[PDB]
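Undergrad: Partial complex here, more coming in a sec:
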Amino acid sequence: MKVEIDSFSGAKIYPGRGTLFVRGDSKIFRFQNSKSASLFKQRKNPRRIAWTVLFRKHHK
Amino acid sequence: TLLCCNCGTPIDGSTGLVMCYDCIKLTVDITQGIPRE
Amino acid sequence: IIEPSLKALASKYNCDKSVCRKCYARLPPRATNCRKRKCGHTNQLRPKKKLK
Amino acid sequence: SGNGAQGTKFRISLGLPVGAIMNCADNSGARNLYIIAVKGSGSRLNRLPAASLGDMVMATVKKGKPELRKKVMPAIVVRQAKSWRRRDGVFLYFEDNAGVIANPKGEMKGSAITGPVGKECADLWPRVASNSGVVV
């Protein structure tokens, strides 16, 4: 049993939960929930979304 | 530079082709399913 | 191995039979009528074809 | 299912029914595929049949190489956008419904497949797996 990480939020994803997405260039995206899933489809950048790990790590 | 892969001896072209012309003429048929009278 | 005696023994049960013309019921070779009600106990029988 | 299919596939959410137009992913010169019917389909009143990943369908070509089109041919899907579920619980979905031309025995027509391909089709049709570079 292995655990994954969301590509948008950097949340640990346990087995059973969330969708996955394979883009035309084959780069694969995992989404812990519809929130990150839809913020990805709206072309938002995680570095501007306050509650994400990328934001919090750039802001230190 | 291939072999006829049915009989073997006919070295044919790589324009994109299959077993020897005699082999497709005698063995293979694509007009079945019709009466000739 | 064939054992033609056992072949003739086998023929007693699967080949040495008659068949009714109407109901297609198998019957003994020494029959006089068919033994099934729905046909009519018909005296119109025929033998089974073994060869050909 | 055994129109040259190796094993038995688990069930996948029926994404693309008849009337659907899915891209083509091979180098056969076809640029789309209009599904008309499905193999292994079930018959229920007013239920139009449907095709899932890995399934084999009957298709028509609507764009490309006019020696191909105006005739029916078998096709095999390799991507769908409807989110299905693998038995490890995860859901997944591509961004485009896409298929491939083939013969009724499972052999492909082209020589390579652009884009990714589903595990659930590659395990089932080996010739597809041979002509594929990316499997998920």
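TA: Thanks, I have it. Residues are numbered from 1 along each chain as shown, chains lettered A, B, ... in the order given.
Undergrad: I'd guess residue D:127 is in a helix, am I close?
TA: Yes - counting by DSSP: H, G, I helix; E, B strand; the rest coil, residue D:127 falls inside a helix.
Undergrad: how about it, what does it touch?
TA: Contacts for residue D:127 (Cβ atoms under 8 Å, 6 or more residues apart in numbering or on different chains) come out as D:102, D:106-108. (Each C-beta comes from the backbone N, C-alpha and C, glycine too.)
Undergrad: Now do the SS call for the residue most central in space within chain D.
TA: A centroid search over chain D (Cα atoms, centre = their mean) returns residue D:77, at 1.0 Å, as the residue closest to the centre. Counting by three-state DSSP, the backbone at residue D:77 sits in strand.
Undergrad: hey, what's it bridged with?
TA: Beta-bridge pairing for residue D:77 (DSSP bridges): residue D:99.
Undergrad: hang on, the earlier thing: of all the contacts of residue D:127, which comes closest to chain A?
TA: residue D:108 (19.7 Å; Cβ to the nearest Cβ).
Undergrad: Verify the contact between that closest one and residue D:121 for me.
TA: No - using Cβ atoms under 8 Å, residue D:108 is not in contact with residue D:121; the gap is 11.7 Å.
Undergrad: Tell me which of the two has more neighbours.
TA: Set side by side, residue D:108 and residue D:121 show more neighbours around residue D:121, with 26 against 21, by other Cβ atoms under 10 Å in any protein chain shown.
Undergrad: what's near enough to touch the closest residue to that one other than its chain neighbours?
TA: Closest residue to residue D:121 apart from its sequence neighbours, by Cβ to Cβ, 6 or more residues apart in numbering or on different chains: residue D:54 at 4.0 Å. If a contact means Cβ under 8 Å, 6+ apart, then residue D:54 has D:9, D:12, D:76-77, D:118, D:120-121, D:124-125 as its contacts.
Undergrad: Can you name the residues of chain A sitting close to chain D?
TA: A:15-24, A:26, A:28 (Cβ under 8 Å from any Cβ of the partner chain).
Undergrad: Give me the ChimeraX select line for those residues, limited to the buried ones.
TA: Filtering these down to the buried ones (16 or more other Cβ atoms under 10 Å in any protein chain shown) takes a single ChimeraX command:
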select /A:18,19,20,21,22
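Undergrad: Need the residues of chain A next to chain D in TSV (columns: secondary structure).
TA: Shown next, in TSV, are those (three-state DSSP):
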residue	secondary structure
A:15	coil
A:16	coil
A:17	coil
A:18	coil
A:19	strand
A:20	strand
A:21	strand
A:22	strand
A:23	coil
A:24	coil
A:26	coil
A:28	strand
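Undergrad: and chain E, same structure:
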Amino acid sequence: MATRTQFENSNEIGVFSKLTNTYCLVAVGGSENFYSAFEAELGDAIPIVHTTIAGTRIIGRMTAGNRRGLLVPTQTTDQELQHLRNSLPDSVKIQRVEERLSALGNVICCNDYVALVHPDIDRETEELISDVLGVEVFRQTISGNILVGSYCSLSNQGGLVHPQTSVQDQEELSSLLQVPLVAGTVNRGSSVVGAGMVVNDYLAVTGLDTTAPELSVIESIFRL
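TA: Adding chain E to the chains above:
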């Protein structure tokens, strides 16, 4: 020599097997007939491993290996890695690559010395190929078909390509790989030779429809 078999009812052996000069791989799908066709002409110096990487039976295309290394995709799990590591000699190093082209056996046509490879592979992946397998790489194509490990079967003794390969292409590739080639087919016209069969130094395995005209070429090109 060349045996003939079927995995379940398929005449495509390179899809479900991966044969090297020191180990072999098979898919767990029954058919003791299919397993005996490997166990028969082999010694216990070549260990066979029944595995299914990424929950798949398509191992020969999803892997590419040599006699000193094995490359596997990022989709196979630690359980499978460990069943491989506990069952394969320690003379090889296994590495779970982390790149896009998951079908390694279609994009790599490798042997002990040389490796044809797909063009668009990462430069940090080709260097890992050289590192692990201990091989020099070449990245062009077969004859326009960029799936080298599927449209070209290859050994150190011999090599085989598909029947669209120009003679200039054959001369060029035979010069680069330093092994003679020849452009035939297998399983009655199947251009996909890298998958329709599998070969070693002293062994080949094809499908039951691999006829004698094809077996003759297979036993002429690969024995030498």
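Undergrad: The contacts of residue D:127 again please, chain E included this time.
TA: Going by Cβ under 8 Å, 6+ apart, residue D:127 touches D:102, D:106-108, E:12, E:192, E:195.
Undergrad: Make a markdown table out of these and add secondary structure and distance to residue A:47.
TA: Output for the contacts of residue D:127, formatted as a markdown table (DSSP: H, G, I helix; E, B strand; the rest coil; distance: Cβ to Cβ, whole Å):
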| residue | secondary structure | distance to residue A:47 |
| --- | --- | --- |
| D:102 | strand | 45 |
| D:106 | coil | 47 |
| D:107 | coil | 48 |
| D:108 | strand | 43 |
| E:12 | coil | 48 |
| E:192 | coil | 46 |
| E:195 | helix | 44 |
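Undergrad: Pop out the phi and psi values for residue C:14.
TA: Dihedral pair for residue C:14: phi -130, psi -10, per degrees, to the nearest 10.
Undergrad: how near is it to chain D?
TA: Residue C:14 sits 36 Å away from chain D, going by Cβ to the nearest Cβ, to the nearest Å.
Undergrad: Number of residues surrounding that residue?
TA: 10.
Undergrad: which stretches of chain E form strands?
TA: With strands called from DSSP state E, chain E shows them at E:2-5, E:18-19, E:24-26, E:48-50, E:64-65, E:69-72, E:93-96, E:108-110, E:114-117, E:136-138, E:152-154, E:159-161, E:198-199, E:204-207.
Undergrad: which secondary structure elements does the second one contact?
TA: Of the remaining helices and strands, those touching strand E:18-19 by 3 or more Cβ pairs under 8 Å, 6 or more residues apart in numbering or on different chains; DSSP states H and E are strand E:24-26, strand E:198-199.
Undergrad: nearest to chain A, of those?
TA: The nearest among these, by Cβ to the nearest Cβ, is strand E:24-26 at 23.1 Å.
Undergrad: one step back: mind giving me the PyMOL command for buried ones among the contacts of residue D:127?
TA: Only the buried entries of the contacts of residue D:127 go into this PyMOL selection, using 16+ other Cβ under 10 Å:
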select buried, (chain D and resi 102+106+107+108) or (chain E and resi 12+192+195)
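Undergrad: Is it possible to get the helices and strands packed on strand E:18-19 out as a markdown table so that each row also shows mean neighbour count?
TA: Converted to a markdown table, those look like this (neighbours: other Cβ atoms under 10 Å in any protein chain shown):
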| stretch | mean neighbour count |
| --- | --- |
| strand E:24-26 | 24 |
| strand E:198-199 | 25 |
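Undergrad: can you tell me the residue of chain E closest to chain A?
TA: residue E:100 (5.2 Å).
Undergrad: mind adding RNA strand F? sequence follows:
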RNA sequence: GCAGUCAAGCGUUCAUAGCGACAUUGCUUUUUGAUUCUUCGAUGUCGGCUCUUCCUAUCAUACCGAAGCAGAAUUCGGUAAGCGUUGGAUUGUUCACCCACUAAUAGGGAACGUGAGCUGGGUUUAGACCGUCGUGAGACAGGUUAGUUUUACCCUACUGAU
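TA: Okay, RNA strand F now, added to the rest:
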């Protein structure tokens, strides 16, 4: 439309493995014809959507029998109606034809099931156009186009509730 008896004769020579004369008896109302018996101080008249049930003269499925039934594949036949019997192009269409899947894409009935259940494409009012007929008004079961589809709160039935 279906069945049974005579079956010339065709069916490698081998009257029923099978197909078919001459006829002959005779069935069903699921077909036309005929009657005018019921409705002319309202039985709402085509088809389709929906939904249920029944029949068997079985398309498939199950089990058997026979075949110029080696196997495979088919045909015929017996019980058998438990379960199922499609998606679509054109057409108002029933009917039909064609494409495709399918185990199969069998036939039929219930006031030619079913309009206070729907729809209203058609037929079947008045408007209007063409063609033919007619001196003319006007006719055509000929073609085309537009054209209001009502009520349940009662009794019973049914579904559920006291």
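Undergrad: back to the neighbour count of residue C:14, now that we've got RNA strand F?
TA: Neighbour count of residue C:14, defined by other Cβ under 10 Å: 10.
Undergrad: who's in contact with the residue in chain B that chain E sits nearest to?
TA: In chain B, the residue that lies nearest chain E is residue B:8 (3.4 Å; Cβ to the nearest Cβ). Each residue near residue B:8 by Cβ under 8 Å, 6+ apart is listed here: E:212-213, E:216.
Undergrad: so how far is residue E:94 from it?
TA: 41 Å (Cβ to Cβ, to the nearest Å).
Undergrad: Give me the neighbour count for the residue in chain C that chain B sits nearest to.
TA: Going by Cβ to the nearest Cβ, chain B is nearest to residue C:52 of chain C, at 28.4 Å. Neighbour count of residue C:52, defined by other Cβ under 10 Å: 3.
Undergrad: Please identify which helix or strand holds it.
TA: Using DSSP states H and E, residue C:52 sits within no helix or strand.
Undergrad: if I look at it, how far off is residue C:17?
TA: Look at residue C:52 and residue C:17: by Cβ to Cβ, they are 17 Å apart.
Undergrad: still on that earlier bit, mind checking which of the contacts of residue B:8 land in helices?
TA: E:212-213, E:216 (DSSP state H).
Undergrad: Report the spatially nearest residue to residue C:26, omitting neighbours in sequence.
TA: Of all residues not flanking residue C:26 in the chain, residue C:17 sits nearest, at 4.8 Å (Cβ to Cβ, 6+ apart).
Undergrad: close enough to count as contact, residue A:39 and residue A:48?
TA: No - counting by Cβ under 8 Å, residue A:39 stays clear of residue A:48, with 10.4 Å between them.
Undergrad: Which single residue of chain C approaches chain E most closely?
TA: Counting by Cβ to the nearest Cβ, chain C gets nearest chain E through residue C:1, at 29.0 Å.
Undergrad: Give me the secondary structure label for that residue.
TA: Assigned by three-state DSSP, the conformation of residue C:1 is coil.
Undergrad: Next up, the contacts around the closest residue to chain E within chain A.
TA: Scanning chain A for proximity to chain E using Cβ to the nearest Cβ identifies residue A:26 as nearest, at 5.2 Å. For residue A:26, the contact set (Cβ under 8 Å, 6+ apart) comprises D:115-116, D:134, D:136, E:100.
Undergrad: make it 6 Å
TA: Going by Cβ atoms under 6 Å, 6 or more residues apart in numbering or on different chains, residue A:26 touches D:116, D:134, E:100.
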